[PDB]
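Here the structure is laid out as structure tokens; the discussion comes afterwards.
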Amino acid sequence: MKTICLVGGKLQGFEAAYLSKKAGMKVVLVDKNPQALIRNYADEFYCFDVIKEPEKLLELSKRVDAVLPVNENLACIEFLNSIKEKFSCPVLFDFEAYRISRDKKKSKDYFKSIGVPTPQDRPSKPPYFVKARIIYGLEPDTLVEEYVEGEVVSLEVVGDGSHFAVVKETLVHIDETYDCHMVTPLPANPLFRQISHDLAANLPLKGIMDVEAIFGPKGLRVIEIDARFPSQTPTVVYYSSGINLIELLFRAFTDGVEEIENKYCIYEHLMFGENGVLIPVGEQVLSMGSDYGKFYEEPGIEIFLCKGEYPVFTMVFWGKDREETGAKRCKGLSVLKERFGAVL
Ligand SMILES: Nc1ncnc2c1ncn2[C@@H]1O[C@H](COP(=O)(O)OP(=O)(O)OP(=O)(O)O)[C@@H](O)[C@H]1O
Ligand SMILES: Nc1ncnc2c1ncn2[C@@H]1O[C@H](COP(=O)(O)OP(=O)(O)O)[C@@H](O)[C@H]1O
Ligand SMILES: NCCC[C@@H](N)C(=O)NCCCC[C@H](N)C(=O)O
Ligand SMILES: [Mg+2]
Ligand SMILES: [Mg+2]
């Protein structure tokens, strides 16, 4: 049995914990927040700030198989970079790739440098997209791009520095706030796969990255990369393709990775609002919760409950095809109806 240490216990931390458990690993969580969202989901919880007390994390490294940063606190990531040679196990992160991916303008310069199409900068006609809002005087540093209509599509890539494993396409379902409330799998797209390969190869990526593109009216446009363990999509990747991104990332830092199921999966967040009206919500709502863990499971159905000001449910449905998965979704909703008096 292997043991993984997660630095960060919110949304990324949940995803990494969830897949670590699927792989049969013990999950050790480090988080500075004593009320960290997934404190009760992890197998062990150590409450400290890694920047203030590095020796405690270094000591943990002696007794786990890997340390995975799962936060986007720049102070934390940059400090971890500065002490990474002192660790007694792999640190499953690409610090140079993160320095590029975190900065949207630097990412766009990177895309252009390798000929990857991306939305036009500072356009002259509306609509504009600004970063998240559509516009029909902001800080001098705001990204202004053309608004590209169409499907938002995600691909994860795991690299070992030499080989780049492009995994599974997913559809990012967006709400009125441009947050993601649902994820479903998509058929292979040879163009998007090659672009994602090249984005990883040219870094060169040793670690994990996701690539998001919009399938626009004038073709595919890459909108961002994020070189950190994602939320939401890895669960859909797991059921639809059989690949566990935690296992693949761990392999990239041990024996290496090789290039290249066909099930369906529906993943979504639902809030139980005023007098049990069921409302779709984005990730951002879930991150304001106080406690997050497993609520229910049967064949083809997992439900997680995120407690707080109005309970939020994360629903995971799978099956051999769209039809069987739709059937499980209906069953999962009725589990909420008969139990709680929920409407949808
Ligand atoms: N130096 C650190 N040591 C330990 N845990 C940390 C550190 N920095 C961040 N974290 C934890 O990682 C989790 C995710 O942090 P992140 O900054 O990515 O998300 P956030 O939504 O901006 O959270 P916050 O409310 O802290 O701003 C949080 O639970 C946070 O407490
Ligand atoms: N240029 C664009 N044109 C149209 N929609 C966009 C554009 N950029 C972003 N979006 C929309 O805004 C959402 C969030 O943008 P994203 O670049 O993915 O930010 P983040 O780094 O915050 O996740 C996207 O999922 C997409 O729905
Ligand atoms: N592959 C497409 C994924 C986009 C979105 N699902 C995401 O990963 N968001 C991560 C937000 C995490 C915020 C914060 N660092 C936290 O961990 O809570
Ligand atoms: Mg994005
Ligand atoms: Mg992003």
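Ordering of the structure tokens sets the chain letters (A, B, ...), residue numbers begin anew at 1 in every chain, and ligands are numbered from 1 in the order given.
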For chain A versus ligand 2, which residues have an atom no more than 10 Å away, and what is each residue's nearest atom pair and distance in Å rounded to one decimal, using only C-alpha atoms and all ligand atoms, chain-then-number order, as a tab-separated table?
residue	atom	partner	partner_atom_place_in_ligand_line	distance
A:101	CA	ligand 2	21 (O)	9.0
A:102	CA	ligand 2	21 (O)	8.0
A:103	CA	ligand 2	21 (O)	9.1
A:104	CA	ligand 2	21 (O)	7.6
A:118	CA	ligand 2	1 (N)	7.9
A:119	CA	ligand 2	1 (N)	5.2
A:120	CA	ligand 2	1 (N)	7.7
A:121	CA	ligand 2	1 (N)	8.8
A:127	CA	ligand 2	3 (N)	9.1
A:128	CA	ligand 2	3 (N)	7.7
A:129	CA	ligand 2	2 (C)	5.5
A:130	CA	ligand 2	8 (N)	7.6
A:131	CA	ligand 2	19 (O)	7.4
A:132	CA	ligand 2	12 (O)	6.0
A:133	CA	ligand 2	12 (O)	7.5
A:134	CA	ligand 2	5 (N)	8.1
A:143	CA	ligand 2	1 (N)	9.4
A:144	CA	ligand 2	1 (N)	8.1
A:145	CA	ligand 2	1 (N)	5.2
A:146	CA	ligand 2	1 (N)	5.3
A:147	CA	ligand 2	3 (N)	3.6
A:148	CA	ligand 2	3 (N)	3.7
A:149	CA	ligand 2	4 (C)	5.5
A:150	CA	ligand 2	4 (C)	7.6
A:151	CA	ligand 2	27 (O)	8.0
A:152	CA	ligand 2	25 (O)	5.8
A:153	CA	ligand 2	25 (O)	8.3
A:154	CA	ligand 2	25 (O)	9.3
A:171	CA	ligand 2	25 (O)	9.9
A:172	CA	ligand 2	25 (O)	6.8
A:173	CA	ligand 2	27 (O)	8.0
A:174	CA	ligand 2	27 (O)	5.7
A:175	CA	ligand 2	27 (O)	8.2
A:176	CA	ligand 2	27 (O)	9.5
A:177	CA	ligand 2	12 (O)	8.5
A:178	CA	ligand 2	13 (C)	4.9
A:179	CA	ligand 2	13 (C)	6.5
A:180	CA	ligand 2	25 (O)	7.1
A:211	CA	ligand 2	18 (O)	9.1
A:212	CA	ligand 2	18 (O)	6.4
A:213	CA	ligand 2	18 (O)	8.2
A:214	CA	ligand 2	4 (C)	7.3
A:215	CA	ligand 2	4 (C)	9.9
A:216	CA	ligand 2	4 (C)	8.7
A:221	CA	ligand 2	1 (N)	8.2
A:222	CA	ligand 2	1 (N)	8.7
A:223	CA	ligand 2	17 (O)	5.2
A:224	CA	ligand 2	17 (O)	5.2
A:225	CA	ligand 2	21 (O)	7.8
A:226	CA	ligand 2	21 (O)	7.3
Store the residues picked out above, limited to C-alpha atoms, as an mmCIF file, in the first residue's frame.
data_model
loop_
_atom_site.group_PDB
_atom_site.id
_atom_site.type_symbol
_atom_site.label_atom_id
_atom_site.label_comp_id
_atom_site.auth_asym_id
_atom_site.auth_seq_id
_atom_site.Cartn_x
_atom_site.Cartn_y
_atom_site.Cartn_z
ATOM 1 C CA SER A 101 0.362 28.422 -16.658
ATOM 2 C CA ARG A 102 -0.633 30.639 -13.723
ATOM 3 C CA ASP A 103 -0.105 33.822 -15.710
ATOM 4 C CA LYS A 104 -2.674 33.992 -18.499
ATOM 5 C CA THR A 118 -5.753 31.390 -29.093
ATOM 6 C CA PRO A 119 -8.436 34.106 -28.864
ATOM 7 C CA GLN A 120 -7.469 37.500 -30.367
ATOM 8 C CA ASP A 121 -6.042 40.022 -27.823
ATOM 9 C CA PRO A 127 -18.393 41.307 -27.624
ATOM 10 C CA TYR A 128 -15.262 41.231 -25.443
ATOM 11 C CA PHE A 129 -14.476 38.647 -22.770
ATOM 12 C CA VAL A 130 -12.590 40.013 -19.755
ATOM 13 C CA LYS A 131 -10.742 38.148 -16.959
ATOM 14 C CA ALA A 132 -14.814 36.404 -15.692
ATOM 15 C CA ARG A 133 -17.454 38.506 -17.481
ATOM 16 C CA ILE A 134 -18.782 39.338 -20.957
ATOM 17 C CA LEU A 143 -6.930 40.358 -20.084
ATOM 18 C CA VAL A 144 -9.328 41.515 -22.844
ATOM 19 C CA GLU A 145 -9.986 38.905 -25.581
ATOM 20 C CA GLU A 146 -12.545 38.357 -28.317
ATOM 21 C CA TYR A 147 -15.576 36.375 -27.134
ATOM 22 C CA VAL A 148 -15.426 32.918 -28.700
ATOM 23 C CA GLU A 149 -18.822 31.126 -28.746
ATOM 24 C CA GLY A 150 -18.866 27.310 -28.548
ATOM 25 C CA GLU A 151 -18.140 24.219 -26.447
ATOM 26 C CA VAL A 152 -15.543 24.426 -23.679
ATOM 27 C CA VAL A 153 -13.389 21.289 -23.856
ATOM 28 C CA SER A 154 -10.764 19.940 -21.458
ATOM 29 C CA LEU A 171 -17.036 18.796 -21.932
ATOM 30 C CA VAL A 172 -17.027 21.624 -19.391
ATOM 31 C CA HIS A 173 -20.686 22.747 -18.869
ATOM 32 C CA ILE A 174 -20.744 26.449 -17.932
ATOM 33 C CA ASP A 175 -23.328 28.481 -16.018
ATOM 34 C CA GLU A 176 -24.422 32.173 -15.978
ATOM 35 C CA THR A 177 -21.289 33.032 -13.906
ATOM 36 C CA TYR A 178 -18.946 31.105 -16.327
ATOM 37 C CA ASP A 179 -18.262 28.559 -13.568
ATOM 38 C CA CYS A 180 -18.472 24.787 -14.211
ATOM 39 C CA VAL A 211 -5.629 22.283 -21.468
ATOM 40 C CA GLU A 212 -8.906 24.116 -22.082
ATOM 41 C CA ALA A 213 -10.042 25.116 -25.568
ATOM 42 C CA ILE A 214 -13.248 26.448 -27.098
ATOM 43 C CA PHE A 215 -14.491 24.774 -30.311
ATOM 44 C CA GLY A 216 -15.392 28.082 -31.971
ATOM 45 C CA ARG A 221 -8.940 28.232 -29.763
ATOM 46 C CA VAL A 222 -6.847 27.373 -26.686
ATOM 47 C CA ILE A 223 -7.978 29.665 -23.819
ATOM 48 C CA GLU A 224 -5.724 28.457 -20.957
ATOM 49 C CA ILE A 225 -3.450 25.774 -19.505
ATOM 50 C CA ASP A 226 -3.257 24.985 -15.784
#
**OP:** Find the residues near ligand 1. Use a cut-off of 10 Å, count only C-alpha atoms and all ligand atoms, and write them as a ChimeraX atom specification.
**Re:** /A:6-13,29-39,46-54,57,69-80,284,287-288
Test item: residues at most 12 Å from residue A:89, only C-alpha atoms, excluding those fewer than 4 positions along its chain, as a tab-separated table (two decimals) with C-alpha atoms, in the first residue's frame:
chain	number	residue	atom	x	y	z
A	2	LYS	CA	1.22	3.50	-0.92
A	3	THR	CA	0.60	6.76	1.02
A	4	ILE	CA	0.20	10.22	-0.59
A	5	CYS	CA	0.55	13.59	1.21
A	57	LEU	CA	6.40	18.70	6.07
A	58	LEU	CA	9.98	17.49	5.52
A	59	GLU	CA	9.47	14.97	8.37
A	60	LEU	CA	6.23	13.76	6.70
A	61	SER	CA	8.16	13.27	3.43
A	62	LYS	CA	10.18	10.56	5.21
A	63	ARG	CA	7.00	8.52	5.80
A	64	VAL	CA	4.90	8.91	2.62
A	65	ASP	CA	5.52	7.84	-0.99
A	66	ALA	CA	4.85	11.25	-2.61
A	67	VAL	CA	3.94	14.87	-1.78
A	68	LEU	CA	1.36	16.46	-4.09
A	84	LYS	CA	12.15	20.82	-2.95
A	85	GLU	CA	15.66	19.23	-2.88
A	250	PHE	CA	2.77	8.90	-9.60
A	253	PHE	CA	7.84	10.42	-11.23
A	254	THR	CA	8.81	6.75	-10.66
Subject >> Pick from A:269, A:322, A:251, A:228, whichever lies nearest to ligand 5 using only C-alpha atoms and all ligand atoms >> reply: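 Going through A:269, A:322, A:251, A:228 one by one, the smallest distance to ligand 5 is for A:228.
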**OP:** Write down as a ChimeraX atom specification the residues of stretch 89-233 of chain A whose backbone DSSP state falls under strand (DSSP E).
**Re:** /A:128-130,133-135,144-146,151-160,164-166,170-174,180-185,206-216,219-226
**OP:** State, in Å with one decimal place, the distance from atom CA of residue A:247 to atom CA of residue A:1.
**Re:**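 Atom-to-atom, atom CA of residue A:247 to atom CA of residue A:1, that is 12.6 Å.
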